[PDB]
Structures are given as C-alpha cells and as structure tokens.
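With CSV, C-alpha atoms and all ligand atoms inside, this is work-v2.csv:
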chain,number,residue,atom,x,y,z
H,1,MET,CA,87.2,109.2,140.0
H,2,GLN,CA,86.5,112.3,142.1
H,3,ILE,CA,83.2,113.6,143.6
H,4,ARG,CA,82.7,117.2,144.8
H,5,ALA,CA,80.1,119.8,145.8
H,6,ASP,CA,82.2,122.9,146.1
H,7,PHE,CA,79.9,125.1,144.1
H,8,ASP,CA,76.6,127.0,144.1
H,9,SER,CA,73.8,124.9,145.7
H,10,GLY,CA,76.2,122.0,146.2
H,11,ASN,CA,75.5,119.5,148.9
H,12,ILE,CA,77.1,116.1,149.7
H,13,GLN,CA,79.6,114.4,152.0
H,14,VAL,CA,81.9,111.8,150.3
H,15,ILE,CA,82.3,108.6,152.3
H,16,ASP,CA,84.0,106.3,149.8
H,17,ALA,CA,84.2,106.6,146.0
H,18,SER,CA,87.0,104.1,145.4
H,19,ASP,CA,84.7,101.3,144.1
H,20,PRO,CA,82.4,102.4,141.3
H,21,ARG,CA,80.0,99.6,142.1
H,22,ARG,CA,79.6,100.7,145.7
H,23,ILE,CA,79.8,104.5,145.9
H,24,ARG,CA,79.0,105.8,149.4
H,25,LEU,CA,77.7,109.3,150.1
H,26,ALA,CA,75.9,111.2,152.8
H,27,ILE,CA,73.6,114.2,152.5
H,28,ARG,CA,74.8,117.3,154.4
H,29,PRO,CA,72.5,118.9,157.1
H,30,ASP,CA,71.5,122.6,156.7
H,31,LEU,CA,74.0,125.3,157.9
H,32,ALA,CA,72.2,125.9,161.2
H,33,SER,CA,69.5,123.3,161.4
H,34,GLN,CA,69.1,119.5,161.4
H,35,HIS,CA,67.1,119.4,158.2
H,36,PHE,CA,68.4,117.8,155.0
H,37,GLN,CA,67.2,116.0,151.8
H,38,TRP,CA,68.5,118.2,149.0
H,39,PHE,CA,71.7,116.9,147.4
H,40,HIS,CA,73.8,118.2,144.5
H,41,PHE,CA,77.3,116.9,143.4
H,42,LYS,CA,79.6,116.4,140.4
H,43,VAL,CA,81.5,113.2,139.5
H,44,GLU,CA,84.6,113.4,137.4
H,45,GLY,CA,87.0,110.9,135.8
H,46,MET,CA,84.4,108.1,135.6
H,47,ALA,CA,85.6,105.0,133.8
H,48,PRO,CA,83.9,104.4,130.4
H,49,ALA,CA,81.6,101.4,129.7
H,50,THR,CA,81.2,100.9,133.5
H,51,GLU,CA,78.2,100.8,135.8
H,52,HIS,CA,78.4,103.2,138.7
H,53,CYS,CA,76.1,102.4,141.7
H,54,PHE,CA,75.5,105.3,144.1
H,55,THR,CA,74.1,105.2,147.7
H,56,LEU,CA,73.1,108.1,149.9
H,57,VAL,CA,73.5,106.3,153.2
H,58,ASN,CA,71.7,108.7,155.6
H,59,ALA,CA,68.7,109.2,153.4
H,60,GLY,CA,66.8,107.3,156.1
H,61,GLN,CA,67.4,110.2,158.5
H,62,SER,CA,66.4,113.0,156.1
H,63,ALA,CA,63.7,115.6,156.9
H,64,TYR,CA,61.1,113.7,154.8
H,65,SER,CA,62.5,110.2,154.5
H,66,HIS,CA,59.1,108.7,153.5
H,67,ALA,CA,59.2,110.9,150.3
H,68,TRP,CA,62.2,108.8,149.0
H,69,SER,CA,59.9,106.0,148.0
H,70,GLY,CA,59.1,106.3,144.3
H,71,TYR,CA,61.6,109.1,143.7
H,72,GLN,CA,64.1,109.0,140.8
H,73,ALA,CA,67.3,111.0,141.1
H,74,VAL,CA,68.1,113.6,138.3
H,75,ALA,CA,71.3,113.8,136.4
H,76,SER,CA,73.0,115.9,133.7
H,77,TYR,CA,76.2,115.8,131.6
H,78,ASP,CA,76.2,119.4,130.4
H,79,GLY,CA,74.1,120.9,133.2
H,80,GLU,CA,71.5,121.8,130.6
H,81,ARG,CA,69.7,118.5,129.8
H,82,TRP,CA,68.5,116.8,133.0
H,83,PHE,CA,67.2,113.2,133.0
H,84,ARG,CA,65.9,110.8,135.5
H,85,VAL,CA,67.9,107.7,136.5
H,86,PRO,CA,66.9,104.2,137.9
H,87,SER,CA,66.5,104.6,141.7
H,88,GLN,CA,65.4,102.5,144.6
H,89,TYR,CA,64.8,103.0,148.4
H,90,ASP,CA,65.3,100.6,151.3
H,91,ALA,CA,66.9,100.5,154.7
H,92,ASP,CA,70.4,101.2,153.4
H,93,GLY,CA,69.3,104.5,151.8
H,94,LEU,CA,68.6,105.9,148.3
H,95,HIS,CA,70.2,104.0,145.5
H,96,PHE,CA,70.6,105.0,141.8
H,97,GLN,CA,72.7,103.6,139.0
H,98,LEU,CA,74.2,105.0,135.8
H,99,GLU,CA,76.6,103.9,133.1
H,100,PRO,CA,77.8,107.4,132.0
H,101,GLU,CA,78.2,108.2,128.3
H,102,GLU,CA,80.6,110.9,129.5
H,103,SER,CA,83.5,111.1,132.0
H,104,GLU,CA,81.7,113.7,134.0
H,105,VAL,CA,78.1,114.0,135.2
H,106,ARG,CA,76.2,115.7,138.0
H,107,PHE,CA,73.3,114.6,140.2
H,108,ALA,CA,70.8,116.6,142.2
H,109,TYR,CA,67.4,116.3,144.0
H,110,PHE,CA,66.0,118.6,141.3
H,111,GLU,CA,67.2,120.8,138.4
H,112,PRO,CA,69.2,123.4,140.4
H,113,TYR,CA,68.6,127.1,139.9
H,114,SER,CA,71.9,128.9,140.7
H,115,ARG,CA,72.3,132.5,142.0
H,116,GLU,CA,74.2,133.0,138.7
H,117,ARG,CA,71.1,132.3,136.7
H,118,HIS,CA,69.0,134.3,139.2
H,119,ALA,CA,71.2,137.3,138.3
H,120,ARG,CA,70.7,136.8,134.6
H,121,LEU,CA,66.9,136.5,135.2
H,122,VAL,CA,66.8,139.8,137.1
H,123,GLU,CA,68.8,141.4,134.3
H,124,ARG,CA,66.4,140.3,131.7
H,125,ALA,CA,63.4,141.3,133.9
H,126,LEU,CA,64.7,144.9,134.1
H,127,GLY,CA,65.1,145.0,130.4
H,128,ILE,CA,61.3,144.3,130.1
H,129,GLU,CA,58.8,147.1,129.4
H,130,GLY,CA,57.2,148.3,132.6
H,131,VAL,CA,59.4,146.1,134.9
H,132,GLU,CA,61.4,147.7,137.7
H,133,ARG,CA,63.3,146.7,140.7
H,134,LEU,CA,60.9,148.4,143.1
H,135,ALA,CA,63.1,147.6,146.2
H,136,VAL,CA,65.8,145.4,147.4
H,137,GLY,CA,66.2,143.6,150.8
H,138,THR,CA,69.2,141.9,152.3
H,139,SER,CA,69.7,138.4,153.5
H,140,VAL,CA,71.5,137.4,156.7
H,141,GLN,CA,74.7,137.0,154.7
H,142,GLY,CA,74.1,140.1,152.7
H,143,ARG,CA,72.7,138.8,149.4
H,144,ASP,CA,70.1,140.8,147.4
H,145,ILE,CA,66.3,140.1,147.8
H,146,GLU,CA,64.9,141.8,144.7
H,147,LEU,CA,61.2,142.9,144.7
H,148,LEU,CA,60.3,143.5,141.0
H,149,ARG,CA,57.2,145.4,140.0
H,150,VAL,CA,55.5,145.1,136.7
H,151,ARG,CA,53.5,148.2,136.0
H,152,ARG,CA,52.2,149.2,132.5
H,153,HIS,CA,49.3,151.5,133.4
H,154,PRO,CA,49.3,154.3,136.0
H,155,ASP,CA,45.7,153.6,136.8
H,156,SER,CA,45.8,149.9,137.7
H,157,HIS,CA,44.5,149.4,141.2
H,158,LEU,CA,45.2,145.8,142.2
H,159,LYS,CA,48.4,144.4,143.7
H,160,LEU,CA,49.2,140.8,142.8
H,161,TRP,CA,52.1,139.3,144.9
H,162,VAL,CA,54.1,136.2,144.0
H,163,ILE,CA,57.1,135.1,146.0
H,164,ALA,CA,59.2,132.0,145.7
H,165,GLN,CA,61.6,129.5,147.3
H,166,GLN,CA,61.5,130.5,151.0
H,167,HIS,CA,62.6,126.9,151.3
H,168,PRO,CA,66.1,126.7,149.6
H,169,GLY,CA,65.9,123.1,148.5
H,170,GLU,CA,62.7,123.7,146.5
H,171,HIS,CA,64.4,124.9,143.3
H,172,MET,CA,61.3,124.2,141.1
H,173,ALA,CA,60.0,127.4,142.7
H,174,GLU,CA,62.4,129.9,141.0
H,175,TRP,CA,62.0,128.0,137.7
H,176,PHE,CA,58.3,128.8,138.0
H,177,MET,CA,59.2,132.5,138.4
H,178,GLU,CA,61.5,132.4,135.3
H,179,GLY,CA,58.6,131.2,133.2
H,180,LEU,CA,56.3,133.8,134.7
H,181,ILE,CA,58.8,136.6,134.0
H,182,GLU,CA,59.8,135.5,130.5
H,183,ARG,CA,56.2,135.5,129.4
H,184,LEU,CA,56.3,139.2,130.0
H,185,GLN,CA,58.5,139.5,126.8
H,186,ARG,CA,55.7,138.6,124.5
H,187,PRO,CA,54.7,141.3,121.9
H,188,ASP,CA,51.0,140.5,121.4
H,189,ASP,CA,49.9,139.0,124.7
H,190,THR,CA,46.2,139.8,124.9
H,191,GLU,CA,45.7,138.2,128.3
H,192,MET,CA,48.6,140.0,129.9
H,193,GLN,CA,47.3,143.2,128.3
H,194,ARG,CA,44.0,142.9,130.2
H,195,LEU,CA,45.7,141.8,133.4
H,196,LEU,CA,48.1,144.7,133.5
H,197,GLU,CA,45.4,147.2,132.7
H,198,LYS,CA,43.8,146.4,136.1
H,199,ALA,CA,46.8,145.3,138.1
H,200,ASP,CA,50.5,145.5,138.9
H,201,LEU,CA,52.6,142.4,139.7
H,202,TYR,CA,54.9,142.2,142.7
H,203,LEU,CA,57.5,139.4,142.3
H,204,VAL,CA,60.2,138.1,144.6
H,205,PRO,CA,62.1,135.5,142.4
H,206,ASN,CA,64.0,134.2,145.4
H,207,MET,CA,63.2,134.5,149.1
H,208,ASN,CA,66.3,132.7,150.5
H,209,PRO,CA,69.5,133.2,148.4
H,210,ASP,CA,71.8,132.1,151.3
H,211,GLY,CA,70.0,128.8,151.8
H,212,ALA,CA,70.0,128.1,148.0
H,213,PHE,CA,73.6,129.0,147.5
H,214,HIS,CA,74.7,126.8,150.4
H,215,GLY,CA,72.7,123.9,149.2
H,216,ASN,CA,70.3,124.0,152.2
H,217,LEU,CA,66.9,122.3,152.2
H,218,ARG,CA,64.8,124.1,154.7
H,219,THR,CA,66.3,127.1,156.5
H,220,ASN,CA,68.0,130.4,155.9
H,221,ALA,CA,71.6,131.1,157.1
H,222,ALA,CA,70.4,131.7,160.7
H,223,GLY,CA,68.7,128.3,160.8
H,224,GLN,CA,65.2,129.8,160.7
H,225,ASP,CA,62.4,128.2,158.6
H,226,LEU,CA,61.2,131.3,156.7
H,227,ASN,CA,57.7,130.0,156.3
H,228,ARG,CA,57.3,129.8,160.0
H,229,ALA,CA,58.4,133.4,160.6
H,230,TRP,CA,55.4,135.4,159.2
H,231,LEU,CA,53.7,135.9,162.6
H,232,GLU,CA,56.9,137.1,164.2
H,233,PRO,CA,59.4,138.3,161.6
H,234,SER,CA,62.9,139.2,162.8
H,235,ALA,CA,65.0,141.9,161.2
H,236,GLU,CA,68.0,139.9,162.5
H,237,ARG,CA,66.9,136.3,162.2
H,238,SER,CA,64.5,136.4,159.3
H,239,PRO,CA,65.4,139.5,157.4
H,240,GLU,CA,64.1,138.0,154.1
H,241,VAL,CA,60.6,137.8,155.5
H,242,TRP,CA,60.8,141.1,157.4
H,243,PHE,CA,61.7,143.0,154.2
H,244,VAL,CA,58.7,141.6,152.3
H,245,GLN,CA,56.3,142.4,155.1
H,246,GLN,CA,57.4,146.0,155.2
H,247,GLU,CA,56.8,146.4,151.5
H,248,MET,CA,53.4,144.7,151.6
H,249,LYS,CA,52.4,147.2,154.2
H,250,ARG,CA,53.6,150.1,152.0
H,251,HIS,CA,51.7,149.0,148.8
H,252,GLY,CA,48.9,146.6,149.9
H,253,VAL,CA,48.0,143.1,148.8
H,254,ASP,CA,45.0,141.8,146.7
H,255,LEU,CA,46.4,138.4,145.9
H,256,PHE,CA,49.2,136.3,147.2
H,257,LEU,CA,50.8,133.1,145.8
H,258,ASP,CA,53.7,131.4,147.8
H,259,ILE,CA,55.5,129.0,145.5
H,260,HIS,CA,56.9,125.8,147.0
H,261,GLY,CA,57.9,122.3,146.1
H,262,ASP,CA,56.7,119.1,147.8
H,263,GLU,CA,58.9,116.0,148.2
H,264,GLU,CA,56.2,113.5,148.8
H,265,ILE,CA,53.1,114.2,146.6
H,266,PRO,CA,53.5,113.4,142.9
H,267,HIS,CA,50.9,116.0,141.8
H,268,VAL,CA,50.9,119.8,141.3
H,269,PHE,CA,48.3,121.2,143.8
H,270,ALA,CA,47.4,124.3,145.8
H,271,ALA,CA,46.7,124.7,149.5
H,272,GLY,CA,44.3,127.4,150.6
H,273,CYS,CA,43.4,129.4,153.7
H,274,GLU,CA,40.4,127.4,154.8
H,275,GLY,CA,41.7,127.3,158.3
H,276,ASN,CA,41.9,131.1,158.8
H,277,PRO,CA,39.7,132.7,161.4
H,278,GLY,CA,39.2,135.3,158.6
H,279,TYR,CA,38.2,132.7,156.0
H,280,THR,CA,35.1,134.4,154.5
H,281,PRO,CA,32.5,133.1,152.0
H,282,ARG,CA,34.0,135.5,149.5
H,283,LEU,CA,37.5,133.9,149.9
H,284,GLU,CA,36.1,130.4,149.7
H,285,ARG,CA,34.4,131.3,146.4
H,286,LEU,CA,37.5,132.9,144.9
H,287,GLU,CA,39.6,129.8,145.9
H,288,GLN,CA,37.1,127.6,144.0
H,289,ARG,CA,37.3,129.9,141.0
H,290,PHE,CA,41.1,130.0,141.0
H,291,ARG,CA,41.5,126.2,141.1
H,292,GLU,CA,38.8,125.7,138.5
H,293,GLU,CA,40.4,128.1,136.0
H,294,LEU,CA,44.0,126.8,136.6
H,295,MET,CA,42.8,123.2,136.3
H,296,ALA,CA,41.4,124.0,132.9
H,297,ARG,CA,44.7,125.5,131.7
H,298,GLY,CA,47.8,124.0,133.3
H,299,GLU,CA,49.3,120.9,134.8
H,300,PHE,CA,47.3,121.3,138.0
H,301,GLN,CA,44.9,119.0,139.8
H,302,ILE,CA,42.5,119.0,142.8
H,303,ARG,CA,42.3,115.4,143.8
H,304,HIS,CA,45.5,115.3,145.9
H,305,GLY,CA,47.2,117.7,148.3
H,306,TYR,CA,47.6,118.3,152.0
H,307,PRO,CA,44.8,117.4,154.5
H,308,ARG,CA,42.6,120.5,154.9
H,309,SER,CA,42.7,122.6,158.0
H,310,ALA,CA,39.7,122.6,160.4
H,311,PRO,CA,37.8,125.9,160.8
H,312,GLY,CA,39.9,128.5,162.5
H,313,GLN,CA,42.8,126.2,163.2
H,314,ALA,CA,45.3,127.5,160.6
H,315,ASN,CA,48.9,128.3,161.6
H,316,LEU,CA,49.3,132.0,161.0
H,317,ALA,CA,53.1,131.7,161.1
H,318,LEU,CA,52.7,130.5,157.5
H,319,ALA,CA,53.0,133.1,154.6
H,320,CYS,CA,49.8,132.0,152.8
H,321,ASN,CA,47.6,132.2,155.9
H,322,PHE,CA,49.3,135.3,157.3
H,323,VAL,CA,49.1,137.4,154.2
H,324,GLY,CA,45.6,136.2,153.2
H,325,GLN,CA,44.2,137.1,156.6
H,326,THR,CA,46.2,140.3,157.2
H,327,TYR,CA,45.1,141.6,153.8
H,328,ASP,CA,41.8,139.7,153.3
H,329,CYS,CA,42.9,138.5,149.9
H,330,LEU,CA,43.0,135.4,147.8
H,331,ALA,CA,46.1,133.4,148.9
H,332,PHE,CA,47.6,130.0,148.0
H,333,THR,CA,50.7,128.0,148.5
H,334,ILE,CA,51.5,126.5,145.1
H,335,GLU,CA,53.1,123.0,145.2
H,336,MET,CA,55.1,121.4,142.5
H,337,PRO,CA,56.4,117.8,142.8
H,338,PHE,CA,60.0,116.6,143.2
H,339,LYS,CA,58.8,113.4,141.5
H,340,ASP,CA,56.4,113.7,138.5
H,341,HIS,CA,52.9,115.1,138.0
H,342,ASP,CA,51.5,111.6,137.6
H,343,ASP,CA,48.4,112.9,135.8
H,344,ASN,CA,50.7,113.6,132.8
H,345,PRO,CA,53.5,111.0,133.1
H,346,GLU,CA,56.9,111.9,131.6
H,347,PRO,CA,59.2,109.4,133.4
H,348,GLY,CA,62.3,110.4,131.5
H,349,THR,CA,62.4,113.8,133.1
H,350,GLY,CA,59.7,113.7,135.8
H,351,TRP,CA,58.7,117.2,136.9
H,352,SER,CA,61.2,119.6,135.4
H,353,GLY,CA,62.4,123.2,135.3
H,354,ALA,CA,60.6,123.6,131.9
H,355,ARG,CA,57.3,122.3,133.2
H,356,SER,CA,57.7,124.6,136.2
H,357,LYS,CA,58.2,127.5,133.9
H,358,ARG,CA,55.0,126.5,131.9
H,359,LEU,CA,53.0,126.3,135.1
H,360,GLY,CA,54.2,129.9,135.9
H,361,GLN,CA,52.8,131.1,132.6
H,362,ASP,CA,49.6,129.2,132.9
H,363,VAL,CA,49.1,130.8,136.4
H,364,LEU,CA,49.3,134.2,134.7
H,365,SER,CA,46.4,133.1,132.4
H,366,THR,CA,44.3,132.2,135.4
H,367,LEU,CA,45.0,135.5,137.1
H,368,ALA,CA,43.9,137.4,133.9
H,369,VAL,CA,40.6,135.5,134.1
H,370,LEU,CA,40.0,136.3,137.8
H,371,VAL,CA,41.3,139.8,137.9
H,372,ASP,CA,37.8,141.3,138.1
H,373,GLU,CA,36.7,139.1,141.0
H,374,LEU,CA,39.7,139.7,143.4
H,375,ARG,CA,38.2,142.9,144.7
Q,1,ZN,ZN,58.3,124.7,151.0
Would you mind writing the file out in structure tokens?
Amino acid sequence: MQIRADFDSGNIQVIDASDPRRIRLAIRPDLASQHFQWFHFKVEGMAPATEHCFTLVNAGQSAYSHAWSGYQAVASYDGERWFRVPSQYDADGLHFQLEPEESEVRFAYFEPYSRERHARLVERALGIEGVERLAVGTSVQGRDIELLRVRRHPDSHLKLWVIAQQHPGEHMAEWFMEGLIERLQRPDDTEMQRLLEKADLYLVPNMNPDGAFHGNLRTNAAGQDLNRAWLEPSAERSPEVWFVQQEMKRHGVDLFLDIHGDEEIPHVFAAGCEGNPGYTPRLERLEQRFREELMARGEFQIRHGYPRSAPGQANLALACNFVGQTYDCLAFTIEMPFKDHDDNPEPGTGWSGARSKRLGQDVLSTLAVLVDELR
C-alpha cells in the first residue's frame, strides 16, 4: 500500500500507512498561510476484501474544524464517479472507512477541478459563438487568469460579472462555471437569447490557479486571502484581484456574483450587501427579486445562511461588498455546500460537481428574468 498527493490539487502528509485498519494522515497547511482543511490523495496497492480505516489526525486544528461534524468524505476509483463514504468526527480527528472494490482509489474534500480540466473548459468556451478571451491576467506564479466575454449583440448595454474560486479549496465554484459556460452551447435557448440581447457576460472561471494547483484551501501563492484584498489590491501580492479590478474599471459592472463554497452550512444560499453604506432601497429590492426567482428554479434556499450585517457595518475588503458599492450594482456571494443541500437529500453523492453545474445554469435563468430590472 502506498499513499501520495504529488499531483494537481493534491494535499496530504502521510504519517503511517502500514496498518490498513489504522491509517494515519495529516492535512497540509497552505503554501504561505496557516489555513488548511482541503485534502486530496491517492491510495495504491490496497489489499482486496479488506476494510481500510483512515484518520486525518490534525482535522481538529483545521481552519474550520467545527465544519467536520456531519461531513462525509468523497472518494473515486476512476476519478469520474465520486461517492460519499461513512465518516465520523471526534477528538482524534476525521475518520472514514472503505472496503475498496479496486486496488486504487482517491479521496478528497470535494470533487476536484484540475487546471487540466480548466484548460479544456477554456478551449470549449472559445469555440462557442460570441465567446472570446477578452483579457488575461497573471497569478503570482505566472498562471493564466482568463476573463471571458460572451457577446452576441453589439447593442447590449449591461455587463454581468461572475468570478469563481478566489478560495482554492472551494472546487464546487469552478464546477458552477463549467455548467454556466456549457449551457452557452445550446442551439435553441430562448432565455439566453433574451439575456444576451440586453447584456454581455464577463466570466473568470478561476481566480486562484496557484492555490488550486497546490491544493491550498484559503490563500494564493503569496499567502493572501484574495477575498480580503478588494479594498487594497496589490499588483505584487494579489495580482489576481488587481487584474479583475482594472478590467471592471474599463468596462463597468451592472451585476456581480462571487462564487464560493461553505464548509459548515448544508444548504445552498446567497449572501448580499445589506451591510454596505451604499445599500439602497433599489438594491434591497433587487436582492429580494434575485433570491425569489432563483428559489423558484434551482437548488437554492433562503432559510439558512450567514448572519446578516448590521446597517453600514459591511467589510469592504470583500469582493461582493466592494464591487456592489463601487458600481452600485446587484451583487451576491453564492455559496454551495461541501456537505449536501439537505432540502434535496442525495446522501450517496452529497453536493457534487454535477449539481454545481446545474446551479450554474439555473442562475442564468434567473438573470434572464431580472435583466430588465438591473438598471
Ligand atoms: Zn470562499
């Protein structure tokens, strides 16, 4: 038996894998920050007809250790079909067991989205009618930050921005983008026809390629939390955010969605800008419309989420608040669960890459409905 993480988005430290019934492992802290929670490794040469019991020993010291409770690890034999496995959490850490049908299998905190797939996603995007790579930024380690624009009518006047995965460990985010982009390949898509008549789409499939490649959870290569750098972006420390802000200034913003993933809450939800000094009645109305329309179409609810912000007490270092206020536009942070969307239980897979994609396409339907109210 051999366990490794020497690959894209891999993360794990092997303690002792000599006894299948007592496998010890540790989660690796981010490149330049103390945060950790995301894990991704492969096991090879497992004995057949044998139970293998795994334990992430430092789960208790992870960034969000209270989120472990109720969480079921994800696994895959072919890296295509991912399934949930029996898991428990106590003082010794996160435990999960599996009697593998195959000699090899891989585990991860969520269905990984590799930079390899990212590349194929961009390729397909550029092969789509009206889709272009409007501009490209560069990460701290020199990886591409594509800004794709979907434009099918030279007279549209609205700019709808959607960026994802500023936090590397939140892989469900890029899955959301894949679904959103792929819907653009439909021949007779009436809703999209209307949307694109009035607006152009500005998409950044991945805001932190270095973090994602290195299996980080929270920060970019420099150790900076990108969703805390919007008030004071750095060309050197947070180039990913700096790039996006320059382009936003060039073209303008009339809508902004920041796609994330939440470790704790087992529900898909959306946080707004109610704490912004610039939170107007118009924006409060639009936020109500958006949630109302999305709730009627996708796996999205409004009962659970983060505590709301008191009037004028928002943290403008956050993308959602910063963009919404700077441009006086509807803005939300979309949150997908690492667990399941309990409203629609599917224990065998929990929240997945597929359900993330579907949410991405449902969100497009919501935008089509609200396009005439944004401005
Ligand atoms: Zn996040």
- Shortest interatomic distance to residue H:365 - which of H:326, H:193, H:234, H:276, counting all atoms listed in the file: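 Ranked by minimum distance to residue H:365, first place goes to H:193.
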- Could you give me, as a PyMOL selection string, every polymer residue with an atom at most 6 Å away from an atom of ligand ZN 1 (chain Q), counting all atoms listed in the file? chain H and resi 167+260-261
- Counting all atoms listed in the file, what is within 6 Å of stretch 170-184 of chain H, bar same-chain residues fewer than 4 positions away, as an NGL selection string? :H and (112-113 or 164-165 or 205 or 259-261 or 353 or 356-357 or 360-361)
- Note on the structure: Correct to one decimal, the distance atom CA of residue H:102-atom CA of residue H:352 is 22.1 Å
- Message: Excluding residue H:222 and its own-chain neighbours fewer than 6 positions away, which residues fall within 8 Å of it when counting all atoms listed in the file? Please give them as number ranges by chain.
- Response: H: 31-32, 140, 237-238
- Mind giving me the straight-line distance from atom CA of residue H:213 to atom CA of residue H:362 in Å, one decimal?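 Taking atom CA of residue H:213 as the start and atom CA of residue H:362 as the end point, the length is 28.1 Å.
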